[PDB]
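Asker: Just dropping this structure here.
Read-outs: derived from the displayed coordinates by stated rules, not from any lab. FYI the Cβ positions are ideal-geometry reconstructions off the backbone, even for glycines, and counts take in every protein chain you see.
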Amino acid sequence: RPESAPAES
Amino acid sequence: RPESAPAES
Amino acid sequence: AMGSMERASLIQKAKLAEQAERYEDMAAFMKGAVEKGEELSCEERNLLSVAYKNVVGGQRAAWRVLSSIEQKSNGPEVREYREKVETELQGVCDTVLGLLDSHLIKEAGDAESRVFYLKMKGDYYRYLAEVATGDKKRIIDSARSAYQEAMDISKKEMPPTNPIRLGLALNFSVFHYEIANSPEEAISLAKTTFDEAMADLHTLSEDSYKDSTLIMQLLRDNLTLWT
Amino acid sequence: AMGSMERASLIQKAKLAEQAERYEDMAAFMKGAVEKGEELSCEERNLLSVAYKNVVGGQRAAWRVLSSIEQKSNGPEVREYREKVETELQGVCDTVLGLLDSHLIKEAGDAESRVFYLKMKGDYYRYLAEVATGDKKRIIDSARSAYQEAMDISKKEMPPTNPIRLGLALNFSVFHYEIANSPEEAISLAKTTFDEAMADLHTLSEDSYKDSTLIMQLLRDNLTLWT
Ligand SMILES: [Ca+2]
Ligand SMILES: [Ca+2]
Ligand SMILES: [Cl-]
Ligand SMILES: [Cl-]
Ligand SMILES: [Cl-]
Ligand SMILES: [Cl-]
Ligand SMILES: [Cl-]
Ligand SMILES: [Cl-]
Ligand SMILES: [Cl-]
Ligand SMILES: [Cl-]
Ligand SMILES: [Mg+2]
Ligand SMILES: [Mg+2]
Ligand SMILES: [Mg+2]
Ligand SMILES: [Mg+2]
Ligand SMILES: [Mg+2]
Ligand SMILES: [Mg+2]
């Protein structure tokens with residue numbers, strides 16, 4: 001359930 | 001743009 | 001590659017793939033099920049349609065994005081990549097049409113199965129027509145012929161609220177409008193279909209009523225878009 | 001199969017595939033671009049990440065659906081199909097890890113490129129860990145080691161608001177919480193990362209401010225979920 005980083009930075 | 005039938009009937 | 005899997009297992013895995021939103025897998029499982037050579041049940045026909053409609057739907061959406069970029073472009077890359085997606089789409093449509101011709105349609109005797117398959121044949125020729133340029137006219141007539149045969153059977157054998165009959169007329173009307181450049185035929189078909197269904201709703205149970213009115217709303221939405 | 005296409009053409013087609021939402025194509029194009037042997041630019045690294053994150057993301061979502069059905073199940077079909085998706089996911093992760101090891105990481109000298117690739121290595125070992133059972137401990141330590149090396153470089157070479165540094169810490173915190181069963185380490189890392197970024201926001205332009213605060217919000221969302 002936790003959010004991870006977007007693919008792009 | 002017009003809608004066509006759902007895959008299921 | 002599905003020849004070694006049991007028919008029942010292919011069907012079960014098609015249902016799992018649908019839940020997992022793995023529509024390419026779902027289509028491969030249902031292709032394998034069809035190739036077992038037995039006729040398909042109502043539920044199995046729906047699985048086949050859901051699988052391939054989602055696969056071709058992703059390809060159509062991609063093709064429309066690429067075509068729009070290509071049109072605003074006028075390097076070879078966007079044309080080359082549009083052509084690749086277009087070839088993959090044509091391969092999927094040819095696979096579906098091949099399953100219908102070998103041998104789903106010829107073994108379909110009941111109205112519910114035969115109309116379903118003939119509508120599908122019209123649909124996948126219509127998807128081919130969406131990208132066709134050179135041989136577009138013969139593809140268009142193949143879609144028209146399949147739709148027309150399906151319509152003739154549905155008008156003789158099904159009530160006007162039957163959801164397959166309604167979805168068939170909906171798609172034939174989209175064919176007229178978008179493919180055949182016959183917008184008046186599209187509007188006339190959608191209006192007559194809607195009105196005849198309306199007058200038959202009183203015969204339906206609550207659940208059949210919900211099924212038919214859902215497709216009627218699509219006809220009404222298109223009529224609003226077109227008029 | 002991409003060996004005959006120009007590097008520039010592979011990159012252009014990866015951008016088109018992203019617009020068409022054709023992420024398997026996008027990943028194949030970017031794999032081909034990496035295999036040209038040149039280091040990747042910032043934009044190209046992002047294309048590579050977007051492509052494979054969307055591919056593996058579909059597989060992870062499918063695996064979680066199938067695993068849940070399989071757990072509520074306890075025929076061989078759901079286990080067999082979960083195993084098939086799991087094998088395909090492991091193949092994608094192994095491909096990404098292979099590109100990083102041959103030879104993106106060893107040729108990455110700048111902090112921005114090396115931290116990006118080491119975070120990616122941690123991420124795809126983490127995705128392997130999500131499905132691992134037998135050799136889970138060694139996969140977990142491989143993720144930890146990649147994340148830790150990335151963290152050490154980012155703390156020495158990047159400001160605390162750098163979006164790669166923030167996304168790395170975010171994912172390492174998710175690793176601690178979800179994979180390593182270290183929820184207190186996850187919370188501590190997320191809180192310290194958030195607070196140190198907050199104190200550095202004053203140095204940023206409006207557009208960098210938007211980039212950093214977006215990832216900070218994810219850290220805050222997780223802290224709320226976890227406490
Ligand atoms: Ca008129
Ligand atoms: Ca505590
Ligand atoms: Cl898929
Ligand atoms: Cl191409
Ligand atoms: Cl025909
Ligand atoms: Cl209007
Ligand atoms: Cl895809
Ligand atoms: Cl399987
Ligand atoms: Cl490592
Ligand atoms: Cl809370
Ligand atoms: Mg058998
Ligand atoms: Mg070019
Ligand atoms: Mg319905
Ligand atoms: Mg060259
Ligand atoms: Mg079974
Ligand atoms: Mg950002």
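Asker: Conditions first: (1) more than 17 Å from B:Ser9 (Cβ to Cβ); (2) crowded, with 18+ Cβ neighbours inside 10 Å. C:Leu40 passes all but one, so which condition is the exception?
Answerer: (1)
Asker: Which count do you get for residues in region D:171-195 that are more than 13 Å from A:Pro2 (Cα to Cα) and in contact with a helix residue (DSSP H, G or I) (Cβ under 9 Å, 6 or more places away or on another chain)?
Answerer: Of the residues in that region, 10 qualify.
Asker: Which of the residues spanning region D:15-38 are within 12 Å of chain C (Cβ to nearest Cβ) and within 16 Å of ligand 14 (Cβ to nearest atom)?
Answerer: D:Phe29
Asker: Could you tell me which of the residues C:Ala28, C:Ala14, C:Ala62 is under 22 Å from C:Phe116 (Cα atoms), crowded, with 21+ Cβ neighbours inside 10 Å and under 22 Å from the mean Cα position of the chain (by Cα)?
Answerer: Unique residue meeting the criteria: C:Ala14.
Asker: Sticking with this one: May I ask you to list the residues in region C:184-199 that are buried (at least 16 other Cβ atoms within 10 Å of the Cβ) and either in contact with a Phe, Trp or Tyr (Cβ under 8 Å, 6 or more places away or on another chain) or over 14 Å from C:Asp221 (Cα atoms) (or both)?
Answerer: Hits for region C:184-199 are C:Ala186, C:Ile187, C:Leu189, C:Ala190, C:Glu196, C:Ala197.
Asker: Among the numbered conditions (1) under 18 Å from the mean Cα position of the chain (by Cα); (2) surrounded by 14 or more Cβ atoms within 10 Å (Cβ to Cβ), tell me where D:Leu204 comes up short.
Answerer: Going through (1) under 18 Å from the mean Cα position of the chain (by Cα); (2) surrounded by 14 or more Cβ atoms within 10 Å (Cβ to Cβ) one by one, D:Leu204 breaks only (1).
Asker: Across region D:136-174, which residue is nearest to D:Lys84 (Cα to Cα) among those that are away from chain A (no Cβ under 13 Å) and away from ligand 9 (no atom under 16 Å from the Cβ)?
Answerer: The qualifying residue nearest to D:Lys84 (Cα to Cα) is D:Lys136.
Asker: Further, regarding this structure: Does D:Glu6 meet the test of being of a type in the set (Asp, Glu), under 21 Å from C:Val55 (Cα atoms) and within 10 Å of chain C (Cβ to nearest Cβ)? Please lay out each step first, then the result.
Answerer: Working: of a type in the set (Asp, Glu): yes; under 21 Å from C:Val55 (Cα atoms): no; within 10 Å of chain C (Cβ to nearest Cβ): yes.
Here the answer is no, as D:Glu6 does not meet what is asked.
Asker: Going by what's in this entry, would C:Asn181 be described as away from ligand 15 (no atom under 16 Å from the Cβ) and at positive phi? Reasoning before the result, please.
Answerer: On the way: away from ligand 15 (no atom under 16 Å from the Cβ): yes; at positive phi: yes.
Yes, satisfied.
Asker: Here's another thing I want to ask about it. Check whether at least one residue in region C:13-28 is of a type in the set (A, V, I, L, M) and over 18 Å from D:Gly75 (Cβ atoms), and report yes or no.
Answerer: Scanning region C:13-28, I find at least one residue that is of a type in the set (A, V, I, L, M) and over 18 Å from D:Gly75 (Cβ atoms), so the answer is yes.
Asker: Counting only residues that are more than 24 Å from D:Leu128 (Cβ to Cβ), give me the helices (runs of 4 or more DSSP H) lying completely in region D:1-82 with at least 1 of them.
Answerer: Passing ranges, in order: D:7-19, D:42-72.
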